[PDB]
Amino acid sequence: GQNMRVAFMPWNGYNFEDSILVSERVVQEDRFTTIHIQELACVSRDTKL
Amino acid sequence: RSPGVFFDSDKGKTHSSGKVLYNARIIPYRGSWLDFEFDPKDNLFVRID
Amino acid sequence: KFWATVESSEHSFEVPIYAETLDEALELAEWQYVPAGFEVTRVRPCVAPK
Amino acid sequence: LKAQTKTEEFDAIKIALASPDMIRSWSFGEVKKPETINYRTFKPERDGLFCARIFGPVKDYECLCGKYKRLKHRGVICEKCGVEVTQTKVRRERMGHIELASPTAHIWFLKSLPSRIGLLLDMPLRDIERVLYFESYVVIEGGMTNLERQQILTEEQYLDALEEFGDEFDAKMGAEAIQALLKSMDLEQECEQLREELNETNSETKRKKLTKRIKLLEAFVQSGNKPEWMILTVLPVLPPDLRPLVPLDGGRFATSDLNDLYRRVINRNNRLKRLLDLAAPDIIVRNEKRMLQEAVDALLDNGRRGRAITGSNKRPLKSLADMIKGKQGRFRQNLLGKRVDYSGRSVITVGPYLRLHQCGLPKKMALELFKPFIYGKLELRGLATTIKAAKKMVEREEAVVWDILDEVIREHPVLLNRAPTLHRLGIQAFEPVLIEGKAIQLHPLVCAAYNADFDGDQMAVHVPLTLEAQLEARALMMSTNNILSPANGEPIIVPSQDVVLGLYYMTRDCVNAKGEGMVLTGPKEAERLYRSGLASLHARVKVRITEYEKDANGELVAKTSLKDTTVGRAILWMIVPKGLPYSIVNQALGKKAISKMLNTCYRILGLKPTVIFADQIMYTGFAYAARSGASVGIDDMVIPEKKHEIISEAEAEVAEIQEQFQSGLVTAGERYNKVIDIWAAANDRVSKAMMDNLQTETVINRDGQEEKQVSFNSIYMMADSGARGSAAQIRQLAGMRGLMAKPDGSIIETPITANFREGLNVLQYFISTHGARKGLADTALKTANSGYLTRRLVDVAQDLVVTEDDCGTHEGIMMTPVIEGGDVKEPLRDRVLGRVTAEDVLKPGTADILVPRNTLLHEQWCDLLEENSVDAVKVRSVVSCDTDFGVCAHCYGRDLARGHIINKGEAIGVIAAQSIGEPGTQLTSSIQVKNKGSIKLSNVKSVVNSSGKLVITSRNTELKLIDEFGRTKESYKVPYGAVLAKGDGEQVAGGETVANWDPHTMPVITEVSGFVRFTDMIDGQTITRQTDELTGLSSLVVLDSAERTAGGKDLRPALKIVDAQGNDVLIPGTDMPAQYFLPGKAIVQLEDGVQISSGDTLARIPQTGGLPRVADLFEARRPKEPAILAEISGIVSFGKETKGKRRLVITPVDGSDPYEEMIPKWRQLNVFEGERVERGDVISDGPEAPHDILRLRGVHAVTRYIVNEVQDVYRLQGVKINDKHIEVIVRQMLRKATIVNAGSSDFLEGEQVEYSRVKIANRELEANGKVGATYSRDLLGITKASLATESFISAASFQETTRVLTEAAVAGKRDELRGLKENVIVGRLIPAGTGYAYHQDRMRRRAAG
Amino acid sequence: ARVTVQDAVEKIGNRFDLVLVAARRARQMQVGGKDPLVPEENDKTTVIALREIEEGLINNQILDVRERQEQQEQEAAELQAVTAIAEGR
Amino acid sequence: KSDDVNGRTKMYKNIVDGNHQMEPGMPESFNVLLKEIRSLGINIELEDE
Ligand SMILES: [Mg+2]
Ligand SMILES: [Zn+2]
Ligand SMILES: [Zn+2]
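Sequences listed follow chains A, B, C, D, E and F, in order.
Its first residue numbered 58, the first sequence is counted upward by one per residue in my numbering.
Its first residue numbered 9, the second sequence is counted upward by one per residue in my numbering.
Its first residue numbered 13, the third sequence is counted upward by one per residue in my numbering.
Its first residue numbered 3, the fourth sequence is counted upward by one per residue in my numbering.
Its first residue numbered 387, the fifth sequence is counted upward by one per residue in my numbering.
Its first residue numbered 1296, the sixth sequence is counted upward by one per residue in my numbering.
Laid out in structure tokens, this is it:
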């Protein structure tokens, strides 16, 4: 993962239970961005028709 | 459970007697199990599997 | 009838034992309980105000 | 008017045996061939398991051959192959049948637990199977002959008996024989004979086993069934679409195992039909018949004979019985759940910007959800040409459809739900607010109700389609409509974590800060002072406030003054509405007071003000919590400086006990205890060290040297406010953590010295591991346990629902504070409030009615009772409610999500079970008065001794402390032989000595005075000589009657009190003299001739818990070592002991017939051997059996036993549950009662208290003057009580399906519904709540003209 | 939007019959038989019916009476029509 | 919303018609159970009007 600057303090209830408040910087820097690769298959079968 | 001979107790819960119990169990890596167990009358018994 | 209190295993309970005498109720209880490996604790006569 | 023919909305149901003709009725054709499809062009082969002719067309409105393909052709049967042209849906409907060659027993009726055929015929099962298998012949209607009827024969025997009498005797074998038996049987005549027999022999067993069978018989007669039908002639075949042949990708097919089974049955049956025409030998045809029976049996219920395996697959094929039963324990269709349209789910999150009535709903989600509504709303305004166009519009996501969605979203609520639903709050309705994202936004204040964290929990959404569902969601399931717990009236909307820390940091006060001492005109300029950085949040300040009060009648009174408060509190006051006094926010406002604020706000202003108040509180809470800048550092946790010393000393302590063990001064087992005790004692020192070094530690100054107050340390603020953390938890961070225990269960004598702040070496962690593992496992298991308990509880209650309004009974229970141990483990105002009085209670001065008759007691009423000193209020309860088949509102109570009295039609049993089951996951020697009051002796007989003291001669004795007010504070029990320095009506102070005694001694004292004689005490027999070697003062020890000699074992040793003349001093006020016998192992005090007085002891005799406890309670389980009670009031006696046990002969002073019981003597006694004891007295101590309470004490006693015990369990864990729910569980428990007398129903029959009472009360008038019969209330466990239900459809759910269906079938049970579960199964409106009106109306239309 | 139905619940005590009556009224409006008795704020028939309950200008009694009167409207208009059916004799 | 084969469609049409109601029926489940039970010698029928 990625280490980052963290501050412990209630922010307007947005951190309420376990919840996390993330700066727009982190999403802008594209650092926590993840790449996924999906395999999508198409089958050509044989029917009586 | 490693194949070999294993001697157990099974004490307390059997027949309330407090006389406990004693049993030997021969477990191979393949094939039938050979069991020898006691009982409240102090008679020796044997069961295959 | 007579309620015989039998206790064994992890817990206890009462079972009806029919008979013409408290002593007879005890004998019929034990004969019909003890040999199975069940302990006979108590024997009570059935009251029931009528 | 013509009654009816075709299908209207149906009433109830009926289940029974099916005639062969009744079977052929459903059948639209016979399946004569095992074939399924054509194998090439796949089509139903005519007369096969799949057929268009027999069942239905393969395509909608089209013939099989293809002649008539038009939707016009309907009632026409094709000429080539007769197939009526109709929707293919009828292939899910049409039944079929099979004509069997030879009769076949129905396995359900043959193999059922009672074996219905067997007990109908009074014929043993073994013999029946012996006949069916052609093992032996059985006579039928033997007539006048050498042999009886049910009598069985063998080959040779039957041959010989046949050689004797050809005619006038009849015997057969096989299924045809059982069929003949059943058909020939005359129910009537047999009944008559049984009635004649029942009246002759008088014996318990005989007449019981007789009356049971005759009952069953006449029941079978009235049923409408017939014995013949127990043997199958025709075999019905299930519709093909319920056992589909449907194809799959790759060309492979898939079908039900019912096809395999049915195919086998058809095949073997056909083979039998062929063998009969081939005139095969007996040895063959018999085998074929047995094979047919086996096949049919395997079809109906598989696993009761051979467990047949399906083709090419080892796994046993699933039969029709397995089709009905299903799986996963006991679940049949809609119980275990089902898939639902218009629904979704997702990860959940914050959103505190929300209001208590709303929740964030993802745009895409809301779109896909309300998609059908969007379609119509689009073409409604004309924005879309047609429905297709609308679909394309929302599929293209044109910018208009968003604004068009906002319309449908506005007033249309949505249902939010979580995974572990327990209490009804698990599903709550909110108002949708469109949100950009894939996450569902939830209101923080609801997080407590859902028990949902933000750690990746998911919630599901449901759409209330029908208008009624919308209004139900809005007026019932709405978030703002439930602000309260169903378990107790306390607010569930109470602020949780950050918010409470915020309000805490606000209403806190500091010794010196900005603006200290200054004055402010009001809250406005206070907040103006703080927001400008001028005055500090927490500072001591006098401000002018205007607080109101509603104290005028229906009217708000305004008052204004100068309150001494803090700036923060003053700022907070801007929120609190109207009538609430300023004293509510003047405190520090922990998680507790902040809740009572909301509570009082609800009980004063109303619902709306409470809601808006709550929202505001959450907002300001989060706000100032954010402003507070509260954090947690490593330096926030302060380790005691003295800790290192506390260890050393303790580390020295063990060493002491380490040396003494080596010198033999202390034993091993004693050493272990000493070490564990000192090591455990050190932890308390370190812990209560760090606490003091934490809480007040901050030392500050104001215009001077030093002043100390409560600490502003962050972690401590969290722990104290109630935000999170606690003493036990902070203890682990700073001070040493606990003493762990090995898996053996025994505690290790080397506790963990280091803490979390400090490092942890390998060992300590490795030792902590077991604790962790066992913790996780334990919780994970207790989840399942709680779930199961909840299930059993819902099962036992269910259909119990408020039906009547007011039953009008003065009956109820006596409500007093619990008064446990030292002081008041629960107050009166709790157990009272919300519960309407049974009868008018009075002031200490009488002829004054403060609370008239029956009136719901609310906050003001309870406050009025609190003004006065009243310690008791009689309260109507659900258990005492006279309403039959339900509960009246005036009994149950008020409590609900609303403060008003319980509504009519609400289902109380369900919410009761839920309220009991939800919190259940959290579950696992002298009297000294603590307060000042006046001594009151309750239920005691005593005497004054020669020392001037007061000795208690009664076993059951109570000591109550009644202060000047007249209220009971302290309550204790005083043992026999206790010495009181006081008397009744005396005066004591705090900590003053009242009672004193010894535990190991049961002193036998004397009421009267005089010399001590000796009777029936003989040395070597009854007694024995023993003299102390350290003193020389002796006593002759009474030898127990087990260990005595030959003839001395028959004598009862005694101490009889004699006067100067040598007479016998009698028990005061009676003809009966005084002689006190002594028991075994009882050492005397003074010998013969020595004079004593009162109070002098004649002889001195030596001597689970948690959730499963609740389970045992509700199940009314008898404990292992039950306390024996005196069955009949009288003077106890010891007869000659017998057989390892001891006789106990009770002696009634009143009538007669002295009762004797067998008590094992090893059990230590309680009762005085020579004294009287009332019924219900303790002959020995230990746990009490619930049945014993119900029988020897009574209903009101046993219900109190249950409620007090279970509440003792829950309250110990800090869990609030109103007694109501438990009381309804009790009501369901004792529902059954066994009749004693007669004149209407049977003698010993167990029957419903409601039923019985509704009968006898009807028999007290008209009828006979009174022929009414007496009964006895019976205590049933919740599972056993749940076992009893009138509806067989409901019983088919949780019970065993097979047995229930069979027993119901033979009886011809008519299920009238009327219950919840059964109506849910059949998919119609619940007979409660919203639907209660409907089902009421119909219920009135029924049974009327 | 109606946040709390408490006021409505005050009128007809119940709270089950509140749902029934308000549903009935919401039916009278939604599928049009008629217009409402209270100015619409752009509240749906649910909230409108609930408002009408709050103002006390609608309930079970009033509804039953009104419907019974509408039956009289339709039995009035149809008089000659159905009385022309004397052919039945 | 689930088990009613007619109920679903007959609903959806009203949902788009602007009419919020329901015209319920017997869930296909319980009906299937009626057939399954009646497939045995057990006769289960609905009565009255
Ligand atoms: Mg969680
Ligand atoms: Zn055809
Ligand atoms: Zn009542």
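Don't be surprised by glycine CBs; every beta carbon is placed ideally from N, CA and C.
Boundaries (first-last residue) of the beta strand (DSSP E) holding residue i
{"i": "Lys544 of chain D", "result": "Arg542 to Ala554"}
{"i": "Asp16 of chain B", "result": "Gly12 to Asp16"}
{"i": "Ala1056 of chain D", "result": "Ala1056 to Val1060"}
{"i": "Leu1329 of chain F", "result": "Run containing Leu1329 of chain F: none in the beta strand (DSSP E); it sits in the alpha helix (DSSP H), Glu1323 to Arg1333."}
{"i": "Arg1027 of chain D", "result": "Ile1025 to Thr1029"}
Cβ-based neighbour list, residue i, same chain, cut-off 6 Å, excluding 5 preceding and 5 following
{"i": "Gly1184 of chain D", "result": "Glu1123 and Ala1125"}
{"i": "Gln1230 of chain D", "result": "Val798, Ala799 and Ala1283"}
{"i": "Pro1121 of chain D", "result": "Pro1185"}
{"i": "residue 1377 of chain D", "result": "No information on residue 1377 of chain D is available, as it lies outside the stretch 3 to 1347 that chain D covers here."}
{"i": "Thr257 of chain D", "result": "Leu247"}
{"i": "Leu1285 of chain D", "result": "none"}
{"i": "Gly1172 of chain D", "result": "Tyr1078 and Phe1079"}
Simplified DSSP assignment, three categories, for residue i
{"i": "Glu1173 of chain D", "result": "coil"}
{"i": "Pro846 of chain D", "result": "coil"}
{"i": "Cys893 of chain D", "result": "helix"}
{"i": "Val141 of chain D", "result": "strand"}
{"i": "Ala421 of chain D", "result": "coil"}
{"i": "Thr469 of chain E", "result": "helix"}
{"i": "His23 of chain C", "result": "strand"}
{"i": "residue 1 of chain D", "result": "Since the first residue shown for chain D is 3 and the last is 1347, residue 1 of chain D is missing from the structure and cannot be characterised."}
{"i": "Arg62 of chain A", "result": "coil"}
{"i": "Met639 of chain D", "result": "coil"}
{"i": "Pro977 of chain D", "result": "coil"}
{"i": "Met1004 of chain D", "result": "strand"}
7 Å Cβ shell around residue i - same chain, five flanking residues per side excluded
{"i": "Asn271 of chain D", "result": "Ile100, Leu102, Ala103 and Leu294"}
{"i": "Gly789 of chain D", "result": "none"}
Range covered by the alpha helix (DSSP H) that runs through residue i
{"i": "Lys217 of chain D", "result": "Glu206 to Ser225"}
{"i": "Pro1081 of chain D", "result": "Run containing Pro1081 of chain D: none; DSSP gives neither H nor E here."}
Same chain, Cβ closer than 8 Å to residue i, five either side skipped, listed in chain order
{"i": "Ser927 of chain D", "result": "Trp999, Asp1000 and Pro1001"}
{"i": "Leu963 of chain D", "result": "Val931, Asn933, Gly935, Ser936, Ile937, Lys938, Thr970, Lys971, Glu972, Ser973 and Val990"}
{"i": "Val1151 of chain D", "result": "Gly1132, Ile1133 and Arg1174"}
{"i": "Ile641 of chain D", "result": "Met692, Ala736, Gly737, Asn757, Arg759 and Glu760"}
{"i": "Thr1281 of chain D", "result": "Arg794, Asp797, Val798 and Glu1117"}
Nearest-angstrom beta carbon gap, residue j and residue i [assumed within contact, 8 Å]
{"i": "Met187 of chain D", "j": "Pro229 of chain D", "result": "6 Å"}
{"i": "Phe57 of chain D", "j": "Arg96 of chain D", "result": "5 Å"}
{"i": "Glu413 of chain D", "j": "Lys430 of chain E", "result": "4 Å"}
Sequence-ordered residues whose beta carbon comes within less than 6 Å of a heavy atom of ligand 1 | Having a Cβ closer than 6 Å to some heavy atom of ligand 1 are D:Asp455, D:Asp457 and D:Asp459.
What is the chain-ordered set of residues for which the beta carbon lies under 6 Å from any non-hydrogen atom of ligand 2?
-> The set of residues with CB atoms less than 6 Å from any heavy atom of ligand 2 reads, in chain order, D:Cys65, D:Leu66, D:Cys67, D:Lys69, D:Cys80, D:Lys82, D:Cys83 and D:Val85.
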